Number of protein chains: 2
Amino acid sequence: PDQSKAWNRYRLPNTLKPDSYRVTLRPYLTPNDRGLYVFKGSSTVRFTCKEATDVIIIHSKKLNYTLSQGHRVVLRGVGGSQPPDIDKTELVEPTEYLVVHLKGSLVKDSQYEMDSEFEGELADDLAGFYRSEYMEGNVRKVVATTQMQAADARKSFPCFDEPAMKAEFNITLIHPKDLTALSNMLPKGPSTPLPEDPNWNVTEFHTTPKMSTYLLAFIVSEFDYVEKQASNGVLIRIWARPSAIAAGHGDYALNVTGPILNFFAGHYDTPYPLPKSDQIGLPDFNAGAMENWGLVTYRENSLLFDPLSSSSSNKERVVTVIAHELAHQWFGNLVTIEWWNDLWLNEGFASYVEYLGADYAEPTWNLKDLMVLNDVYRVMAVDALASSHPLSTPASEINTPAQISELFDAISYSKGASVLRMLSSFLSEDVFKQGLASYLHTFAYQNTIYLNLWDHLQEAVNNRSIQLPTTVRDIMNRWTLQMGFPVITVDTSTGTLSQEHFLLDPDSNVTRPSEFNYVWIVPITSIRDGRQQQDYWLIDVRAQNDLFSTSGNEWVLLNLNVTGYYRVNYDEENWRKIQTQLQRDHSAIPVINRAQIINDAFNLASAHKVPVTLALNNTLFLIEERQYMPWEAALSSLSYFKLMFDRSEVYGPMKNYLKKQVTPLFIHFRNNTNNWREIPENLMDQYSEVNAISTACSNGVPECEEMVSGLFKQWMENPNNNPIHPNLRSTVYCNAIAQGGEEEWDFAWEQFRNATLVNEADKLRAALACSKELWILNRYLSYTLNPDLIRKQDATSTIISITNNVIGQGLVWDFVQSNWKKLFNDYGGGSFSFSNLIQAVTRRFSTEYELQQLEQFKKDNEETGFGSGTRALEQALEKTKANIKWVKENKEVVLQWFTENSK
Amino acid sequence: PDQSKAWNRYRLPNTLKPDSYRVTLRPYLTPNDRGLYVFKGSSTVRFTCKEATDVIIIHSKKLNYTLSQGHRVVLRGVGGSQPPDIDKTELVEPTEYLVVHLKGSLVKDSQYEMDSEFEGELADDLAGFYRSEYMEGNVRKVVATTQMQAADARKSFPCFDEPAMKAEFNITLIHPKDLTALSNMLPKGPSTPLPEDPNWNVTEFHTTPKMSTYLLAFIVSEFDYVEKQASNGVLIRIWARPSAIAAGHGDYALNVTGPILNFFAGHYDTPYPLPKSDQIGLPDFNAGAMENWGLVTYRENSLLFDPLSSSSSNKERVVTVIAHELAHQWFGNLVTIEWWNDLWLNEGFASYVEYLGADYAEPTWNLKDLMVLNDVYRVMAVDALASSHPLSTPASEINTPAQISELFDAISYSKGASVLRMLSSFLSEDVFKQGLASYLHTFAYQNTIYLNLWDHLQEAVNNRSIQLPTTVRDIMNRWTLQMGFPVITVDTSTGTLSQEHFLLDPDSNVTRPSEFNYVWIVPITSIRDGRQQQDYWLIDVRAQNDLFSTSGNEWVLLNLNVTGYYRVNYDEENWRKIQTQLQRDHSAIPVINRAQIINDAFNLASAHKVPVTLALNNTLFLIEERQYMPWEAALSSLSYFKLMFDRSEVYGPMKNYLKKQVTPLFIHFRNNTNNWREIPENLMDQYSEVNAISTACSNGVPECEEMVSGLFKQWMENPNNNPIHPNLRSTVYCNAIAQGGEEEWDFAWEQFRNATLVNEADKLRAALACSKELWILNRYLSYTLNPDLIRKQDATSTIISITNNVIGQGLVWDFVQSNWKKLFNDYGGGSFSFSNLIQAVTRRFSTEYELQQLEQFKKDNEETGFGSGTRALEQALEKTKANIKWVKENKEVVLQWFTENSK
Ligand SMILES: *[C@@H]1O[C@H](CO)[C@@H](O[C@@H]2O[C@H](CO)[C@@H](O[C@@H]3O[C@H](CO)[C@@H](O)[C@H](O)[C@@H]3O)[C@H](O)[C@H]2NC(C)=O)[C@H](O)[C@H]1NC(C)=O
Ligand SMILES: *[C@@H]1O[C@H](CO)[C@@H](O[C@@H]2O[C@H](CO)[C@@H](O[C@@H]3O[C@H](CO)[C@@H](O)[C@H](O)[C@@H]3O)[C@H](O)[C@H]2NC(C)=O)[C@H](O)[C@H]1NC(C)=O
Ligand SMILES: CC(C)C[C@H](NC(=O)[C@@H](O)[C@H](N)Cc1ccccc1)C(=O)O
Ligand SMILES: CC(C)C[C@H](NC(=O)[C@@H](O)[C@H](N)Cc1ccccc1)C(=O)O
Ligand SMILES: *[C@@H]1O[C@H](CO)[C@@H](O)[C@H](O)[C@H]1NC(C)=O
Ligand SMILES: *[C@@H]1O[C@H](CO)[C@@H](O)[C@H](O)[C@H]1NC(C)=O
Ligand SMILES: *[C@@H]1O[C@H](CO)[C@@H](O)[C@H](O)[C@H]1NC(C)=O
Ligand SMILES: *[C@@H]1O[C@H](CO)[C@@H](O)[C@H](O)[C@H]1NC(C)=O
Ligand SMILES: *[C@@H]1O[C@H](CO)[C@@H](O)[C@H](O)[C@H]1NC(C)=O
Ligand SMILES: *[C@@H]1O[C@H](CO)[C@@H](O)[C@H](O)[C@H]1NC(C)=O
Ligand SMILES: *[C@@H]1O[C@H](CO)[C@@H](O)[C@H](O)[C@H]1NC(C)=O
Ligand SMILES: *[C@@H]1O[C@H](CO)[C@@H](O)[C@H](O)[C@H]1NC(C)=O
Ligand SMILES: [Zn+2]
Ligand SMILES: [Zn+2]
């Protein structure tokens with residue numbers, strides 16, 4: 001399309017800026033004659049002309065307009081302005097605009113109003129204003145609900161749909177008189193009967209604060225709720241299907257929501273300004289949750305909790321997701337990104353601050369620690385590629401909804417959180433939260449870029465007379481504007497340190513230039529024989545300091561508790577001292593640093609910076625490790641080995657090794673739990689237990705295989721009296737299905753179809769993918785695609801579980817190659833992303849044959865395009881090339897190591 | 001290359017014709033300095049010039065010449081002829097010629113001699129003069145041995161290497177004095193010491209009869225033998241490695257060989273003319289056996305037999321292969337094909353006549369009957385394709401060694417045998433063998449084409465005043481010169497019959513024209529309610545006769561005992577009467593016709609001539625069938641269903657159905673064998689038992705799974721006291737490995753590596769491919785390629801066993817696509833063929849995705865070419881296209897049928 005025309009460009013003009021809107025929406029929750037569920041609406045937007053223009057460009061997606069006064073819209077003056085007549089309108093589909101061509105130009109610094117009347121489908125597509133469905137007995141319940149993030153508000157009413165186009169919104173919902181209407185604000189006065197039809201109520205809501213379009217929510221349902229006024233006076237309600245509320249499954253959410261909201265208000269010295277915060281769980285929802293201001297939406301598995309059937313991991317998911325959503329009330333809603341390229345200002349903050357909130361609510365769980373695994377190490381895998389991207393991408397590169405959706409990724413979330421964790425560490429949280437309070441106060445009801453944050457943190461540093469090697473901006477720009485992270489290499493003979501950009505493939509091509517030269521300013525903490533030393537700042541590529549020199553028996557480790565976003569290598573002598581320490585008394589090294597030593601060495605090995613046997617040697621001590629984290633870090637790093645080797649001669653010896661390493665831990669838990677009758681008191685110990693069972697069974701410990709098959713058989717014999725503790729269900733179900741046959745599978749499928757608890761359905765859905773029978777996986781694949789059997793929101797998640805199974809690899813890859821066009825249409829756009837699927841189906845690739853298929857897949861589908869999976873495909877090509885070389889270099893030494901160390 | 005030059009054309013000129021040869025060969029059975037095993041030789045060929053020519057074109061492959069008198073060869077006169085001087089010689093590699101360019105022309109009807117001195121590698125390539133190796137303790141034994149068929153005599157000495165170039169051969173072998181030299185004939189006088197080195201003996205053999213080059217054999221070994229003069233005065237010796245002979249493992253061969261030789265000499269009224277017939281078993285051999293005149297070579301599994309460890313199936317293999325080889329002494333050696341396009345004159349005859357000989361030796365086994373399964377139904381699968389070929393291909397189409405090798409296929413062997421079985425049936429064997437005696441007498445020491453056979457059968461018909469609807473030639477040309485076979489469709493309402501060319505795909509393109517219009521002259525036998533009717537000849541496309549009309553309860557079946565090479569369809573009413581008969585008393589229908597009803601209906605269903613449920617309904621009675629053959633025919637037809645469905649939702653219900661159908665038979669055998677302590681007396685009942693066990697275990701009968709895993713465990717606990725009867729070992733080993741894990745696999749691999757019995761090694765080698773673990777199949781694939789672990793002769797056989805496993809499908813197909821060039825070099829030419837591998841890896845293909853891979857595989861390797869697998873690839877493309885359509889048309893009805901009938 002002609003790029004010279006503004007209506008063919010993806011960013012809105014700067015010529016017009018909205019002030020406020022009124023919107024009336026009326027969903028029809030029964031099908032029409034055509035069998036369509038529809039909504040009808042109207043809107044008036046009041047806006048200011050900032051520069052003279054003869055066109056109104058406004059977003060509109062899948063809306064049909066009712067003609068009024070001869071055109072798609074009516075344009076009126078405000079405060080005496082006299083707008084031109086409308087010539088014609090057009091709908092421009094690629095850029096998603098309604099374009100109003102005028103017979104003259106609007107006047108600079110004048111206001112106007114535009115009125116529209118429209119209709120859209122209330123589709124089951126989880127996007128915009130859409131329908132969710134559930135059964136209560138044999139009665140079909142239909143719910144009208146919304147998901148605007150990022151660019152779907154325009155699919156519900158015409159609007160200037162970019163996050164810096166903030167406005168007040170005056171919402172009216174027209175709905176069946178028996179159903180409750182909900183929105184961001186509370187109702188304004190009473191609901192009144194619709195004049196034309198008293199079977200409907202008209203419910204107007206109070207005006208919203210100035211806010212972004214992507215945060216609006218409109219819901220019509222017959223949900224029930226529980227409620228409690230929080231200690232800061234805000235009303236909290238937890239809303240869900242009536243049976244869930246009556247069963248008490250909203251009670252845990254009610255226990256934690258208000259207290260976390262009040263905690264954040266205190267911690268950041270910034271009140272929550274709205275009269276209420278509703279939490280609502282939807283049967284059909286395409287994310288964990290969404291932070292709509294005043295009406296936070298959740299999938300059921302992230303909000304509801306059944307103390308008798310949900311696991312401790314499920315409970316942890318509920319409190320952390322609630323905390324993340326509530327964090328956004330400050331970081332996202334009150335203060336909002338200027339544009340999506342800086343998404344981490346919303347998502348990095350919510351991902352970090354969620355742990356502070358969850359830790360407040362559950363102080364005995366020690367959750368803050370899990371950031372090392374869930375954030376730092378999660379994102380370092382992709383951030384070690386040449387095809388990663390900076391935390392803050394240049395704004396001019398992010399234009400289309402696909403490019404926007406793509407940024408909701410491990411960089412924006414987990415690297416955002418890691419960099420904030422690092423910053424808080426070197427500033428102290430007291431100084432950090434002081435700068436944040438200032439940031440929030442200054443930019444309340446406005447939009448920010450990354451520089452605005454640094455300015456306010458600088459203000460706090462300057463007030464506290466904190467001395468840093470340079471300004472906050474210059475330290476943090478290194479971590480924000482260029483991709484990747486450094487490996488810091490220590491020579492303990494001389495006390496020298498040096499840094500370089502860590503790349504998993506040495507022979508990979510960094511094409512994105514950095515004005516920072518891939519050199520960082522790095523805060524370095526360290527310990528010497530377990531005692532913390534003075535902090536150090538590495539400002540250059542290399543330095544020397546006696547802090548890093550050792551003699552005699554001494555060892556040093558850098559990055560205490562992995563507060564910093566960097567990996568560490570040492571000379572081989574220091575590594576040997578570390579390995580000696582792990583054999584002598586592993587408890588002398590902080591638990592997070594035991595995870596670090598394992599995870600760093602495996603990644604260093606991939607990068608050819610240490611021999612692979614060094615990384616494998618670092619797992620030897622695990623035979624007597626009882627802590628969750630070091631085991632989890634090892635299993636996560638060895639996941640790569642499984643992906644590379646589970647179709648090869650190396651796999652037997654690998655499984656033999658893991659069997660040996662985990663057996664004493666499995667036996668410890670068997671004894672300590674009084675033969676699986678009890679679960680450990682401590683949360684991390686509960687997680688350690690689950691990992692010991694999972695690892696024991698996956699790798700062939702016979703006592704584990706007997707245990708899980710026995711428990712599952714006992715359940716089959718007593719379907720309504722499940723004997724398996726909730727914590728153990730995922731792993732018992734998966735391993736019992738893997739060990740069993742068609743009869744176990746069919747039992748679990750019927751339990752899934754009949755499930756009344758979402759946490760229970762989820763565990764079964766994953767377990768069913770554990771079948772070793774190809775014909776069963778093929779049949780299951782066909783079910784994942786049938787929305788009457790597996791909810792559309794769960795289709796790609798289940799397909800990923802199938803491809804993770806070694807027997808499902810060929811099946812799913814061939815399926816994806818053969819069906820890309822149709823798949824892309826159904827689960828690749830709108831509220832959906834195919835990024836996770838591309839990543840999962842390709843991560844085993846380690847052969848030229850598979851690389852050629854992947855290259856051909858790219859070529860064959862270049863025209864369809866890959867939308868929000870574009871970068872995942874580039875990353876898959878890079879990783880596959882690295883994998884071919886790594887397998888060639890490592891397969892013999894790894895086979896020999898596992899063989900020689902598993903006996 | 002320039003096609004105008006005779007040395008660039010594949011067929012020899014007709015200008016020169018050999019009379020006799022002397023050849024001296026000296027193998028060196030220890031490596032030289034270069035590490036090469038070599039042979040050195042000399043030859044003189046005496047030949048007649050038939051038309052004046054200035055070039056001698058003679059075959060030569062991988063031979064290096066020692067210059068003599070200034071050139072590669074010396075040309076001398078005979079009987080006063082005066083040959084021109086040699087200008088120069090060249091070796092032309094594609095056509096495999098030594099080309100001797102002369103300074104003038106040879107004279108028509110004059111004789112000449114050409115002398116050569118040469119050297120070749122005694123390679124481990126199983127072709128020409130090659131080396132075989134075995135260990136006796138820690139001593140490496142090296143054997144020089146030969147395989148000339150079809151076009152490798154030229155790889156041992158220069159010769160006019162085409163089968164109609166018959167000559168006498170005077171062989172001398174120079175060999176270590178301690179080793180025995182063997183050839184076609186007996187030694188001529190004593191062995192004498194080599195003058196230059198008395199550590200070697202020189203052994204000259206008597207002149208051969210006039211014979212073809214592909215039948216020559218030269219062997220040097222320290223084998224031992226057992227011997228017996230046969231009743232026709234011919235000396236028989238069975239030669240093998242000393243340990244096998246001492247163990248008595250040559251004894252069964254000695255029991256059967258002479259008696260079968262004498263039987264054939266009597267039956268065909270034609271003496272075997274040579275003084276001896278040696279049978280020799282080689283450790284390295286690329287076929288079942290080879291019929292060299294006077295020195296028949298065998299792989300060990302086809303000649304040796306251990307009564308304490310070989311199965312009844314193994315014993316049947318030995319007698320039938322010996323019988324096949326001995327049949328060739330008449331059909332192939334005494335009388336020889338003019339050219340390879342008429343190969344069935346050798347191979348069709350040996351494949352049919354083998355049963356007559358084996359039945360003579362083992363009259364209680366009823367083997368002749370197995371022709372229906374092993375010949376008729378084996379070949380009808382490929383002969384129903386548009387890409388099949390006639391029994392007698394036009395001679396001008398068969399030129400290269402690849403094209404020749406390709407003809408050693410189910411058409412030349414099994415269709416050849418089926419057509420001869422049909423001919424014998426309509427003539428009577430008395431009249432058949434009378435015409436054959438005449439054929440053999442007339443063409444002894446000469447070469448024939450298919451017309452020569454008809455002429456001699458006609459002579460017998462005319463002598464006996466047999467009346468046929470036309471001449472033997474005109475009846476049999478229909479079965480010989482066009483591909484395929486008819487389906488005869490009966491309308492029992494009206495007594496009408498009609499025929500059409502049977503094509504598995506209706507939408508497949510027959511491109512090879514037939515001067516016979518794909519119309520046959522068909523001898524039709526029939527039964528009515530079990531009573532045989534008068535015979536009928538269908539000479540036209542349609543006819544009417546009251547023989548084929550029924551009324552009331554009567555049924556008719558055509559093709560009693562399937563003597564004729566045709567399929568039969570009926571109107572649905574007659575089919576229903578047949579199905580009623582099978583429910584009432586299945587024994588009222590001859591056993592071979594129970595197999596026919598099943599096999600025909602399944603093939604008819606594929607061809608869209610009956611509904612698939614009709615073919616499935618024909619298997620219902622199997623629940624009370626105890627006979628081997630109908631079960632085997634059903635399992636063979638349902639193999640297709642397994643290939644189409646074992647990666648689909650249909651597979652569960654299919655296995656459930658087979659489980660139901662086989663359980664009573666399995667329980668019958670469990671009881672009748674006194675819990676597997678005994679085996680049945682009757683051979684077919686022994687085979688029925690094995691099939692019941694195999695089918696029960698494959699489809700999940702729990703008593704079977706427990707039985708096999710129990711027996712295998714008992715063996716592991718007592719390795720030197722195997723508790724599994726030899727008949728049961730293949731199926732017990734495979735199913736125990738499938739049910740087990742790494743420990744069962746490793747035990748069987750060590751048993752394989754340590755095997756001293758070839759029959760035992762073979763069963764283990766197949767069983768190891770039954771692992772359900774992808775990593776284990778991948779590791780095993782790597783072993784198949786290592787000649788130190790699996791003998792080169794067994795590499796592709798083992799790869800085929802892996803691809804037959806559903807879990808091995810993707811593995812092997814991806815391997816074949818990725819490694820075609822190297823694979824083609826190693827196992828695709830010379831004595832090797834890749835035809836079986838192409839057929840096996842592609843037979844599951846039923847998707848557009850797989851078709852596209854196959855088409856791309858063809859394109860990608862068009863330049864490498866596909867040699868003797870060319871037609872198998874064309875057939876795979878045709879079948880894959882048919883399979884995609886068949887699965888689409890049948891998957892729902894088949895799923896429903898198996899589901900509704902398995903309960
Ligand atoms: C959404 O609802 C809000 C709140 O009711 C509306 O804001 C109100 O708008 C009216 C009319 O513009 C304001 O009164 C006027 O103020 C202007 C100054 O701009 C003055 O010149 C006029 O004489 C008149 O008094 C009123 O103050 C304002 N209320 C608040 C609390 O801001 C808003 O107009 C609605 N937007 C739409 C598109 O319906
Ligand atoms: C292979 O060995 C055979 C058998 O020893 C050789 O056949 C013999 O060849 C000689 C010499 O040609 C024959 O004698 C001659 O016969 C011709 C008639 O063609 C006559 O004109 C001469 O006066 C002379 O007597 C001899 O009959 C023949 N023996 C037999 C049994 O056929 C043959 O030559 C050898 N071939 C080679 C290439 O060494
Ligand atoms: C627990 C949280 C991860 C839940 C919630 N998640 C999200 O907002 C993302 O998953 C987004 N739903 C991802 C996305 C954006 C645009 C188009 C398609 C998909 C959030 O608050 O960030
Ligand atoms: C029991 C018999 C099948 C044994 C024996 N078989 C054969 O001769 C064939 O298998 C041939 N060995 C096939 C062949 C021919 C040319 C090049 C490569 C392979 C035979 O006598 O026909
Ligand atoms: C919008 O109009 C299109 C084109 O006529 C029609 O197909 C579609 O159903 C309409 N949408 C609704 C919700 O009525
Ligand atoms: C919520 O808190 C109440 C009161 O402390 C407690 O009894 C209940 O167990 C809590 N619910 C959950 C799910 O922890
Ligand atoms: C810094 O101190 C000034 C002067 O007291 C105060 O007004 C401001 O709020 C402080 N800023 C921060 C970020 O603490
Ligand atoms: C791993 O440990 C083994 C055994 O102690 C040792 O021989 C080897 O050197 C270690 N690997 C490295 C890279 O240090
Ligand atoms: C034949 O000559 C070629 C070319 O010199 C040589 O490489 C090969 O080894 C020779 N073959 C034998 C058996 O000596
Ligand atoms: C060969 O025949 C002898 C004598 O009849 C018999 O004892 C022996 O069992 C036979 N060998 C085999 C393997 O059948
Ligand atoms: C046919 O009969 C003639 C005359 O007796 C006889 O010479 C010839 O051998 C016979 N041919 C056949 C094929 O039986
Ligand atoms: C197969 O048998 C079923 C059940 O008797 C019958 O309903 C069906 O018609 C049969 N199929 C055919 C093709 O006759
Ligand atoms: Zn978020
Ligand atoms: Zn043969």
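Chain identifiers are assigned alphabetically (A, B, ...) following the order of the sequence lines, protein sequences preceding nucleic acid strands; residue numbering begins at 1 within each chain. Atoms within a ligand are numbered from 1 in the order they appear, just like the ligands themselves.
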Row check, A/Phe502 ring normal vs A/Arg567 NZ/CZ: under 6.0 Å, within 45°
yes
Considering only heavy atoms of A/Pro611, which atoms of ligand 8 have at least one such atom less than 4.0 Å away?
13 (C)
Do you see a protein non-hydrogen atom under 4.0 Å from atom 9 (O) of ligand 8?
no
Using distance alone, determine whether A/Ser20 and ligand 1 share an N or O pair under 3.5 Å.
yes
Is atom 2 (O) of ligand 8 close to the protein, meaning a heavy atom under 4.0 Å from it?
yes
Per-atom contact, atom 7 (O) of ligand 1, protein heavy atoms, under 4.0 angstrom:
no
Mark up the atoms of ligand 8 that fall under 4.0 Å of a heavy atom belonging to A/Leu614, in ascending order.
13 (C)
Taking the six-membered ring for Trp, are A/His328 and A/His324 parallel (under 30°), tilted (30 to 60°) or perpendicular (over 60°)?
perpendicular
Counting both backbone and side chain atoms, is some N or O of A/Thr207 under 3.5 Å from an N or O of ligand 1?
yes
Nearest non-hydrogen protein atom to atom 13 (C) of ligand 8, with distance, is A/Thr613 OG1, 3.2 Å
Rounded to the nearest 10 degrees, what's the angle OE1 of A/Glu347 makes with NE2 of A/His324 at the Zn ion (ligand 13)? Could you check?
110°
Any ion pair linking A/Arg76 and A/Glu113 (charged N to carboxylate O, less than 4.0 Å)?
yes
Is it the case that ligand 8 has an N or O less than 3.5 angstrom from some N or O of A/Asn617?
yes
For A/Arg22, is at least one N or O under 3.5 Å away from an N or O on ligand 1?
yes
One should read off an interatomic distance between A/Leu295 CG and A/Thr145 OG1, to the nearest 0.5 angstrom, of 7.5 Å
Short check: is a protein heavy atom less than 4.0 Å from atom 28 (C) of ligand 1?
no
Heavy atoms of other groups near A/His267 NE2, more than 12 under 6.0 Å:
yes
Non-hydrogen protein atom less than 4.0 angstrom from atom 10 (C) of ligand 1:
no
Using distance alone, determine whether A/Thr44 and ligand 1 share an N or O pair under 3.5 Å.
no
Measure the CG-CD1 distance between A/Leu282 and A/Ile280 for me, rounded to the nearest 0.5 Å.
6.0 Å
Is A/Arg46 in contact with ligand 1, taking contact as a heavy-atom separation below 4.0 Å?
yes
Parallel under 30°, tilted from 30 to 60°, perpendicular over 60°: which one fits the rings of A/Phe432 and A/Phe349?
parallel
Establish, from distance only, whether the side-chain atoms of A/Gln111 and A/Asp19 form a donor-acceptor pair under 3.5 Å.
yes
As a test of the contact definition, would atom 23 (O) of ligand 1 count as having a protein heavy-atom neighbour under 4.0 Å?
no
The reported gap from CG in A/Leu126 to CZ in A/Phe832 (rounded to nearest 0.5 angstrom) is 4.5 Å
Could any protein non-hydrogen atom be found less than 4.0 Å from atom 15 (C) of ligand 1?
no
closest protein heavy atom to atom 2 (O) of ligand 1 is A/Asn170 ND2, 2.3 Å
Against A/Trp344, only a single residue in A/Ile411, A/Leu453, A/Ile337 fulfils side chain to side chain contact (heavy atoms under 4.5 Å, CB included); can you say which?
A/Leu453
Classify the angle between the aromatic ring planes of A/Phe621 and A/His586 as parallel (below 30°), tilted (30 to 60°) or perpendicular (above 60°).
tilted
